[PDB]
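Trainee: Here's a sequence, model it:
(chains A, B, C, D, E, F, G and H, ligands or ions: 116)
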Amino acid sequence: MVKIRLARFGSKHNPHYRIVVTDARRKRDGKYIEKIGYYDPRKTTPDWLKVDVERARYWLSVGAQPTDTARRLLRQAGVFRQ
Amino acid sequence: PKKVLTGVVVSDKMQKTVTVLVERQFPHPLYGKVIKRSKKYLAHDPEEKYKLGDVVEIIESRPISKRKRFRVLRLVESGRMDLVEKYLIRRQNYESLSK
Amino acid sequence: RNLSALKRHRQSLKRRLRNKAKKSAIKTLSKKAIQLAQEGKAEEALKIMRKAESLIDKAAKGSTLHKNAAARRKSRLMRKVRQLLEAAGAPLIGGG
Amino acid sequence: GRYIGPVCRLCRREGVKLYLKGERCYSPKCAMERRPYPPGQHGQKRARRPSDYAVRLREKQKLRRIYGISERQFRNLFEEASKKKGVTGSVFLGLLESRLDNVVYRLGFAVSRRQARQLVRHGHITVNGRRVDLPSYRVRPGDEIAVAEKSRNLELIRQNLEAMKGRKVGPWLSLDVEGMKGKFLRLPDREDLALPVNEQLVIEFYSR
Amino acid sequence: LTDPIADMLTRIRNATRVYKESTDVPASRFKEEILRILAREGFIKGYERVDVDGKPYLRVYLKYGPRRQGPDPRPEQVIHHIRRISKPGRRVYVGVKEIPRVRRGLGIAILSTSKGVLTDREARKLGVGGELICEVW
Amino acid sequence: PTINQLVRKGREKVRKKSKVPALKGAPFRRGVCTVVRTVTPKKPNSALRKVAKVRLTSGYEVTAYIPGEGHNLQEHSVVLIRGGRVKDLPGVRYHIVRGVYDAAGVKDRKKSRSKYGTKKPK
RNA sequence: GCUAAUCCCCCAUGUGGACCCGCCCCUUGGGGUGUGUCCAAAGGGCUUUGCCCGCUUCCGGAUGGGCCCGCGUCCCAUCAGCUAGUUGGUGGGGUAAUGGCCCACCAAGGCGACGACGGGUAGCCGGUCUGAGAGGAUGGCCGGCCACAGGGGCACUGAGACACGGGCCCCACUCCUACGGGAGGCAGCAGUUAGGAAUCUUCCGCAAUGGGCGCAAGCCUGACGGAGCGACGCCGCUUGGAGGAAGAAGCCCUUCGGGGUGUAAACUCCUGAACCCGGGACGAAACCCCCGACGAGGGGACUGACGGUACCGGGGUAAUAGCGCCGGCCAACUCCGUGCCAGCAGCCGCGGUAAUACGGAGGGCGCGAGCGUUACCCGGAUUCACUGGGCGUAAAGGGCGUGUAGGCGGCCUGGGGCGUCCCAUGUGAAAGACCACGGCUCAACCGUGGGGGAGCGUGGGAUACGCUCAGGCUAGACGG
RNA sequence: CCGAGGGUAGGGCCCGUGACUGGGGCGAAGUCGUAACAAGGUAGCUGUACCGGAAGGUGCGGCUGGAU
Ligand code: SF4
Ligand SMILES: [Mg+2]
Ligand SMILES: [Mg+2]
Ligand SMILES: [Mg+2]
Ligand SMILES: [Mg+2]
Ligand SMILES: [Mg+2]
Ligand SMILES: [Mg+2]
Ligand SMILES: [Mg+2]
Ligand SMILES: [Mg+2]
Ligand SMILES: [Mg+2]
Ligand SMILES: [Mg+2]
Ligand SMILES: [Mg+2]
Ligand SMILES: [Mg+2]
Ligand SMILES: [Mg+2]
Ligand SMILES: [Mg+2]
Ligand SMILES: [Mg+2]
Ligand SMILES: [Mg+2]
Ligand SMILES: [Mg+2]
Ligand SMILES: [Mg+2]
Ligand SMILES: [Mg+2]
Ligand SMILES: [Mg+2]
Ligand SMILES: [Mg+2]
Ligand SMILES: [Mg+2]
Ligand SMILES: [Mg+2]
Ligand SMILES: [Mg+2]
Ligand SMILES: [Mg+2]
Ligand SMILES: [Mg+2]
Ligand SMILES: [Mg+2]
Ligand SMILES: [Mg+2]
Ligand SMILES: [Mg+2]
Ligand SMILES: [Mg+2]
Ligand SMILES: [Mg+2]
Ligand SMILES: [Mg+2]
Ligand SMILES: [Mg+2]
Ligand SMILES: [Mg+2]
Ligand SMILES: [Mg+2]
Ligand SMILES: [Mg+2]
Ligand SMILES: [Mg+2]
Ligand SMILES: [Mg+2]
Ligand SMILES: [Mg+2]
Ligand SMILES: [Mg+2]
Ligand SMILES: [Mg+2]
Ligand SMILES: [Mg+2]
Ligand SMILES: [Mg+2]
Ligand SMILES: [Mg+2]
Ligand SMILES: [Mg+2]
Ligand SMILES: [Mg+2]
Ligand SMILES: [Mg+2]
Ligand SMILES: [Mg+2]
Ligand SMILES: [Mg+2]
Ligand SMILES: [Mg+2]
Ligand SMILES: [Mg+2]
Ligand SMILES: [Mg+2]
Ligand SMILES: [Mg+2]
Ligand SMILES: [Mg+2]
Ligand SMILES: [Mg+2]
Ligand SMILES: [Mg+2]
Ligand SMILES: [Mg+2]
Ligand SMILES: [Mg+2]
Ligand SMILES: [Mg+2]
Ligand SMILES: [Mg+2]
Ligand SMILES: [Mg+2]
Ligand SMILES: [Mg+2]
Ligand SMILES: [Mg+2]
Ligand SMILES: [Mg+2]
Ligand SMILES: [Mg+2]
Ligand SMILES: [Mg+2]
Ligand SMILES: [Mg+2]
Ligand SMILES: [Mg+2]
Ligand SMILES: [Mg+2]
Ligand SMILES: [Mg+2]
Ligand SMILES: [Mg+2]
Ligand SMILES: [Mg+2]
Ligand SMILES: [Mg+2]
Ligand SMILES: [Mg+2]
Ligand SMILES: [Mg+2]
Ligand SMILES: [Mg+2]
Ligand SMILES: [Mg+2]
Ligand SMILES: [Mg+2]
Ligand SMILES: [Mg+2]
Ligand SMILES: [Mg+2]
Ligand SMILES: [Mg+2]
Ligand SMILES: [Mg+2]
Ligand SMILES: [Mg+2]
Ligand SMILES: [Mg+2]
Ligand SMILES: [Mg+2]
Ligand SMILES: [Mg+2]
Ligand SMILES: [Mg+2]
Ligand SMILES: [Mg+2]
Ligand SMILES: [Mg+2]
Ligand SMILES: [Mg+2]
Ligand SMILES: [Mg+2]
Ligand SMILES: [Mg+2]
Ligand SMILES: [Mg+2]
Ligand SMILES: [Mg+2]
Ligand SMILES: [Mg+2]
Ligand SMILES: [Mg+2]
Ligand SMILES: [Mg+2]
Ligand SMILES: [Mg+2]
Ligand SMILES: [Mg+2]
Ligand SMILES: [Mg+2]
Ligand SMILES: [Mg+2]
Ligand SMILES: [Mg+2]
Ligand SMILES: [Mg+2]
Ligand SMILES: [Mg+2]
Ligand SMILES: [Mg+2]
Ligand SMILES: [Mg+2]
Ligand SMILES: [Mg+2]
Ligand SMILES: [Mg+2]
Ligand SMILES: [Mg+2]
Ligand SMILES: [Mg+2]
Ligand SMILES: [Mg+2]
Ligand SMILES: [Mg+2]
Ligand SMILES: [Mg+2]
Ligand SMILES: [Mg+2]
Ligand SMILES: [Mg+2]
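Mentor: Numbering: from 1, shown residues only, chains lettered A, B, ... in the order given. Ligands and ions are numbered 1, 2, ... in the order given. Below is the structure in question.
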């Protein structure tokens, strides 16, 4: 199944994720279908999170399944707010 | 789209199959000169209606045999036994290239 | 030294028999319908051909046949039975 | 790390006063005043015509030894300036002067860049309120280099700042004395820094 | 004769090197357009369609600099350098983005485009490439 | 050549013949001495140069120079070798590394100790 | 021998789907419809005439694949001829599906100097190193694709495998054994051994991210997140700062007057790597639970391997420097010792009693936790020359014709628009590279944003040049 | 039926090695003569042929890159 998840980039003790859609059988940091945001768990920048909701809601439409702490961050951007 | 090539029929000694010599040009990727290159395609002639010396068009096609991935699309010109001889003269010269 | 792989193997052997048994029966009745139709005997040919068709689609219910594979056997079966009876005629029952 | 041995021999070798010690650099017991010839057994022998390689090596060793910087860091800065669009000579000197340990010396917090480095390395310096103990920091325009207030009651830094009272700094700088803080205005020019150095000869040394 | 275009450029070069006032090249429309560029840019005084023993020619009128002083009075050439680029044995075509600047602007590259024969400046102002015929300065 | 000849034939890239075949792609090769003797050099030099014939692990037997004043190598001495000829002993293409395996460093050496494999003296 | 089920089977139901034949549309097997024939199923748990987890048939989506095609992809022609499932046809078998993929028959074909066949070498690419560019070299780490899982063959199960830690068989090898017989497959993580010039801990944790299963709690995860060792690479940092004699001693040189090491040391003040004590993270809030409605939304909670680590605060000791080189190229010179010896050497060359070239010393130059050496790649090498070379005597015109293929080709007109040129558009993944900003105190490293390119697909346009087709010409060529 | 492979037989290519043998490169401190460079003491070189301890000689034809 297609999934929306966090491909870790960055470096050691400095994680920087790309909120991303890819086949679940890929490896974590492998070729993704498309990128739809980034995430900085350390909050050390004036926008440690971003989400293209126009696309993030499309992938939910065609049935992508968000990870748990991906949905938690897709929530903080309001993809679910009705 | 399906690839379409033009060339002359150089043999038709096969049942429902003709051999289309196809030519092309391009600049040599280091010495610039425009050079010629040719290649033969085994073409599906399901009506045995194309003849030696005909110039035809072939279109990339669902595989027919082992070496057959092109059917003949349409006739372009007939009676080109001048081109067919250039191909044959060369092949004949090969015997003079042995030991 | 062990695995749930052992479990997976014991199951493949049980499934192996069910698949082979079904395909055995399908093959037999397919040529039986074909052979009957050759000397057709149209009522008896189509009679069996209906039973071959049921076993085919029953095979493609589960993991024994694929849709297109079952559909393919059916086609060539009916194609062979009709064009055999049509050498003498004429088909009593259906189909079709 | 950095060079640590005798520093007067450097000037005496380069044939020019490099102001590397602070106030003895201005006394009459400066070595250049007493023996302005190269160090070692043959210092007083008549020099031979130096090769163009010699000439260019010397100018580069001058500019380098001035900042007491390693050839490694020196060459990386030159290679940074060399890629940068614009004249490489200017940018090179500009990047050199933008080093924290250099600015601290320019502000008169220390008599010598060596002293500045032991100041910076000992955290006795801050940049925009952030304590920074790194000599290599590239100070940018609009910054602010103060004394660590938890060090402002220190003899050496006070006596130094006393002699800076009303003293001019480069145009590209400004020193709030009494408050022990300075400001980096913009990165300086060849005009602002009259260094006893034709920096163009350093471009040529590295093009070989 | 395998290359009339390079033969003409060579007819001009041999003539200018011994300071002849004119030389005759056998005529052709593609040559006229080439000489049309050399006159309009001042590498030649011009030309005229003349006739040598009943054959259609082009008489090209050369121009040189002022007489010089010293040991060598020979005046400086106006066509210092002219050579064929694209040749029968190797065609040379450039796109508009890869047209060259002869002699840092002080020279012309003559092109054959599908808007006719142009200079490197003309071809760049019309946004077209073509066959790089030769270069002059 | 014409442009057509270059389309027909191309330009020949010429490979570089190694001057150290016995190393077989390695920076060094371990070996065992067979003959340890002195050889005289070519004109215009005169000397008794110290050489060892080495039977290598790469499957080669080669002559290698023994640098420095004095050594301790004998038949069955285990040595390491590196590239480098002796302009002046034809056939000698390699050098024994002092201070490795059974090659002792040069005794009393003071300048250039990393070559000649001599520890810093107190 | 007994028994359960979401296990297997049978019957019904046929929304629908499958197949045959007919017809319509279409155009390779795409869609539609008519008769016949054929095919569905599984329940479980709660807060129980309602929910949730499941199950069945069908259409569609999305994602991931299979197959096919154009073009590109190394060395040897001292490999020049190769080919019987070979090349095509018909029919069948087989598959998810095209195909000699497999089989039977029929025909005599297929391929090659534009290099078949054979031999050698190699996983390929994004990229990487170098280079002014062109080019040359390379494909380790990360990303993508491919291939393999001791050597072979094989199928089974399955949506998917001909399956690294699944099965069968053969072989090589090893082990256990009670001697009757059995077992094994680290090119997973560590680790051992062998080989080698040479390459790591039998570490910690699922806290994060990700995967499988589960309604959920949660379980499993040598993926992974981290810690360990190696100067292996890059980056940052220290071994102190200031003052301090016409200038200690020691050592070196000396014309014996003196010169050098050298502000260097001593010494004085000042700072305070390390170490001590106190505090101490970010990475972590979702899943969950409460209200709402199990949604939207709002509340509440558990949880950190790294780690008592970074980092903060307070205290606080002057606290490792080494390596190469100094004839020329190439930056740095003297004394002794040696005397074609011992030795040096990248090339040219040094050494035979006054050696800036050997060996030490003093001094000097260059770098610095590095400095040298060896190996290999690109550069200098326009020294394989496309950019960008040559062949009278330096290496280089075939002994001379004739002529095959090929390469190349005069003047004018028109048609086509193949090359060629322009515009639009799709593709050109991510990382990297590049400019900018930002985050780790800087940097290295890393994050965010920006700019395109060739090349190829498609659409539209141009016609000078080359090409092609047609017509005409006589200056080339050929005949009288 | 096909079939891993095993067996029998006969071919092709490549590598390592071999009594002995052929010449080659280098060494240099030897023995023999002195063929070439001067008209190099018989102008030289050359294809071929025959011959001689050796450099080389001679025949036949060719070249001048031969002094006077
Ligand atoms: S005293 Fe003179 S010689 Fe010594 S460091 Fe100062 S300026 Fe240079
Ligand atoms: Mg076929
Ligand atoms: Mg199980
Ligand atoms: Mg049976
Ligand atoms: Mg099925
Ligand atoms: Mg199956
Ligand atoms: Mg100053
Ligand atoms: Mg610049
Ligand atoms: Mg100033
Ligand atoms: Mg200045
Ligand atoms: Mg350079
Ligand atoms: Mg050119
Ligand atoms: Mg000598
Ligand atoms: Mg050995
Ligand atoms: Mg021993
Ligand atoms: Mg040394
Ligand atoms: Mg030495
Ligand atoms: Mg039923
Ligand atoms: Mg078929
Ligand atoms: Mg399959
Ligand atoms: Mg086949
Ligand atoms: Mg057959
Ligand atoms: Mg036959
Ligand atoms: Mg071809
Ligand atoms: Mg070839
Ligand atoms: Mg191989
Ligand atoms: Mg290999
Ligand atoms: Mg170059
Ligand atoms: Mg490679
Ligand atoms: Mg590698
Ligand atoms: Mg990889
Ligand atoms: Mg295998
Ligand atoms: Mg296997
Ligand atoms: Mg193995
Ligand atoms: Mg096996
Ligand atoms: Mg496989
Ligand atoms: Mg597996
Ligand atoms: Mg395993
Ligand atoms: Mg297996
Ligand atoms: Mg056991
Ligand atoms: Mg046991
Ligand atoms: Mg027993
Ligand atoms: Mg058994
Ligand atoms: Mg085991
Ligand atoms: Mg292992
Ligand atoms: Mg290990
Ligand atoms: Mg070992
Ligand atoms: Mg070993
Ligand atoms: Mg590791
Ligand atoms: Mg986990
Ligand atoms: Mg999880
Ligand atoms: Mg679940
Ligand atoms: Mg449980
Ligand atoms: Mg487990
Ligand atoms: Mg573990
Ligand atoms: Mg790890
Ligand atoms: Mg750490
Ligand atoms: Mg380190
Ligand atoms: Mg003194
Ligand atoms: Mg003294
Ligand atoms: Mg003294
Ligand atoms: Mg001091
Ligand atoms: Mg104190
Ligand atoms: Mg936390
Ligand atoms: Mg909530
Ligand atoms: Mg949990
Ligand atoms: Mg603590
Ligand atoms: Mg403190
Ligand atoms: Mg303190
Ligand atoms: Mg001290
Ligand atoms: Mg050095
Ligand atoms: Mg000398
Ligand atoms: Mg140098
Ligand atoms: Mg010098
Ligand atoms: Mg002696
Ligand atoms: Mg002497
Ligand atoms: Mg001496
Ligand atoms: Mg030397
Ligand atoms: Mg010496
Ligand atoms: Mg460092
Ligand atoms: Mg190194
Ligand atoms: Mg090189
Ligand atoms: Mg080159
Ligand atoms: Mg060239
Ligand atoms: Mg040359
Ligand atoms: Mg010659
Ligand atoms: Mg000739
Ligand atoms: Mg001949
Ligand atoms: Mg033409
Ligand atoms: Mg032509
Ligand atoms: Mg036209
Ligand atoms: Mg035309
Ligand atoms: Mg066109
Ligand atoms: Mg494009
Ligand atoms: Mg990209
Ligand atoms: Mg920053
Ligand atoms: Mg980026
Ligand atoms: Mg670019
Ligand atoms: Mg187009
Ligand atoms: Mg015509
Ligand atoms: Mg004529
Ligand atoms: Mg005539
Ligand atoms: Mg067999
Ligand atoms: Mg066999
Ligand atoms: Mg067997
Ligand atoms: Mg012999
Ligand atoms: Mg003679
Ligand atoms: Mg003589
Ligand atoms: Mg003579
Ligand atoms: Mg003769
Ligand atoms: Mg004889
Ligand atoms: Mg005799
Ligand atoms: Mg005789
Ligand atoms: Mg003669
Ligand atoms: Mg003659
Ligand atoms: Mg002469």
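Trainee: Please make it C-alpha for all contacts and neighbour counts, starting now.
Mentor: Noted.
Trainee: which residues touch residue F:76?
Mentor: F:32, F:33, F:34 (C-alpha atoms under 8 Å, 6 or more residues apart in numbering or on different chains).
Trainee: how about it, secondary structure?
Mentor: State at residue F:76, reduced to three classes by DSSP: H, G, I helix; E, B strand; the rest coil: coil.
Trainee: Compute the distance between it and RNA strand H, please.
Mentor: Per C-alpha to the nearest atom of the strand, to the nearest Å, residue F:76 is found 22 Å from RNA strand H.
Trainee: same check, this time on residue B:77
Mentor: According to C-alpha to the nearest atom of the strand, residue B:77 and RNA strand H sit 48 Å apart.
Trainee: so the closest residue to that residue other than its chain neighbours bridges to which residues?
Mentor: Spatial nearest neighbour of residue B:77, excluding adjacent residues (C-alpha to C-alpha, 6 or more residues apart in numbering or on different chains): residue B:55 at 4.9 Å. Counting by DSSP bridges, residue B:55 forms beta bridges with residue B:8, residue B:77.
Trainee: Could you report the neighbour count for residue B:55?
Mentor: Applying other C-alpha atoms under 10 Å in any protein chain shown, we find 23 residues neighbouring residue B:55.
Trainee: same check, this time on residue E:90
Mentor: With other C-alpha under 10 Å as criterion, residue E:90 counts 18.
Trainee: Which of the three states applies to the residue in chain E that ligand 1 sits nearest to?
Mentor: Across chain E, no residue is closer to ligand 1 than residue E:104, which sits at 49.5 Å (C-alpha to the nearest ligand atom). Secondary structure for residue E:104, judged by three-state DSSP, is helix.
Trainee: Now do it against residue C:25, distance only.
Mentor: 88 Å (C-alpha to C-alpha, to the nearest Å).
Trainee: Which one's more surrounded, these two?
Mentor: residue C:25 (13 against 8).
Trainee: and stretch F:23-31, does that touch RNA strand G?
Mentor: Yes: judged by C-alpha under 7 Å from any atom of the strand, stretch F:23-31 and RNA strand G are in contact via F:25, F:26, F:27, F:28, F:29, F:30, F:31.
Trainee: what comes into contact with that stretch?
Mentor: F:54, F:55, F:56, F:57, F:58, F:78, F:79, F:80, F:81, F:82, F:83.
Trainee: repeat that for 7 Å
Mentor: If you take C-alpha atoms under 7 Å, 6 or more residues apart in numbering or on different chains as the criterion, stretch F:23-31 is touched by F:54, F:55, F:56, F:57, F:58, F:78, F:79, F:80, F:81, F:82.
Trainee: Is RNA strand H within reach of that stretch?
Mentor: No: under the criterion of C-alpha under 7 Å from any atom of the strand, RNA strand H is not reached by stretch F:23-31; the shortest gap measures 14.7 Å.
Trainee: Buried residues, that stretch. List them.
Mentor: F:23, F:28, F:29, F:30, F:31 (16 or more other C-alpha atoms under 10 Å in any protein chain shown).
Trainee: Of these, which belong to strands?
Mentor: F:29, F:30, F:31 (DSSP state E).
Trainee: Could you point out the longest helix of chain C?
Mentor: helix C:5-38 (DSSP state H).
Trainee: List the buried residues in the helix or strand just after that one.
Mentor: Counting by DSSP states H and E, the next helix or strand C-terminal to helix C:5-38 is helix C:42-59. By neighbour count on 16+ other C-alpha under 10 Å, the buried set for helix C:42-59 is C:42-50, C:52-53, C:55-57, C:59.
Trainee: picking that back up, would you agree the residue nearest to residue B:77 is in contact with residue B:10?
Mentor: No: counting by C-alpha atoms under 7 Å, residue B:55 sits too far from residue B:10 to count as a contact (9.6 Å).
Trainee: neighbours of whichever residue of chain F sits closest to ligand 13, just the number please.
Mentor: Per C-alpha to the ion, residue F:45 is where chain F lies closest to ligand 13, at 3.6 Å. The number of residues packed around residue F:45, counting by other C-alpha under 10 Å, is 9.
Trainee: Give me the nearest residue to it, chain neighbours excluded.
Mentor: Closest residue to residue F:45 apart from its sequence neighbours, by C-alpha to C-alpha, 6+ apart: residue F:88 at 7.9 Å.
Trainee: same deal with residue D:199?
Mentor: Leaving aside its chain neighbours, residue D:199 sits nearest to residue D:89 (6.2 Å; criterion: C-alpha to C-alpha, 6+ apart).
Trainee: Please report phi then psi for the one you found.
Mentor: The phi/psi pair for residue D:89 (degrees, to the nearest 10) reads phi -60, psi -50.
Trainee: mind checking which helix or strand residue E:10 is in?
Mentor: Using DSSP H and E, residue E:10 falls in helix E:4-16.
Trainee: whoops, residue A:17 was the one
Mentor: strand A:14-23.
Trainee: packing partners for the following helix or strand past that strand?
Mentor: Counting by DSSP H and E, the next helix or strand C-terminal to strand A:14-23 is strand A:34-35. With contacts taken as 3 or more C-alpha pairs under 7 Å, 6 or more residues apart in numbering or on different chains; DSSP states H and E, strand A:34-35 sits against strand A:14-23.
Trainee: Tell me which residues are up against the strand it packs on.
Mentor: Residues from elsewhere that reach strand A:14-23 (C-alpha under 7 Å, 6+ apart): A:1-10, A:32-40.
Trainee: how does it look with 8 Å?
Mentor: A:1-10, A:31-41, A:51, A:59, A:64, A:70.
Trainee: Buried among the residues you listed? Need that as a selection in PyMOL.
Mentor: The PyMOL selection below is limited to those of the contacts of strand A:14-23 classed as buried (16+ other C-alpha under 10 Å):
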select buried, chain A and resi 2+3+4+5+6+7+8+32+35+36+37+38+39+40+51+59+64+70
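Trainee: Pull the contacting residues for the residue nearest to residue D:199.
Mentor: Residue D:89 sits in contact with D:81, D:199, D:200, D:203, where contact means C-alpha under 8 Å, 6+ apart.
Trainee: could you pull out the helices for chain F?
Mentor: All helices of chain F, identified by DSSP H, fall at F:3-9.
Trainee: What is the neighbour count of the residue in chain A positioned nearest to RNA strand H?
Mentor: Among the residues of chain A, residue A:25 lies nearest to RNA strand H; the distance is 34.6 Å by C-alpha to the nearest atom of the strand. The tally of other residues near residue A:25 (other C-alpha under 10 Å) stands at 10.
Trainee: Can you show me the strands along the chain?
Mentor: No chain specified, so I'll use chain A. Going by DSSP E, chain A shows strands at A:2-11, A:14-23, A:34-35, A:37-39, A:49-51, A:65-66.
Trainee: think we crossed wires, I meant chain F
Mentor: According to DSSP E, the strands that chain F contains are F:29-39, F:49-56, F:61-65, F:78-83, F:94-96.
Trainee: closest to residue B:30 out of these?
Mentor: Ranking those by proximity to residue B:30 (C-alpha to C-alpha) places strand F:78-83 first, at 38.6 Å.
Trainee: hey, C-alpha coordinates of that closest one in CSV?
Mentor: Extracted C-alpha coordinates of strand F:78-83, given in CSV (Å, rounded to 0.1, in the frame of the first residue of the first chain):
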residue,chain,number,x,y,z
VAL,F,78,61.9,-11.8,5.6
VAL,F,79,61.7,-8.4,4.0
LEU,F,80,59.1,-5.9,2.7
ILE,F,81,59.7,-4.2,-0.6
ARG,F,82,58.6,-1.0,-2.4
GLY,F,83,59.0,0.4,-5.8
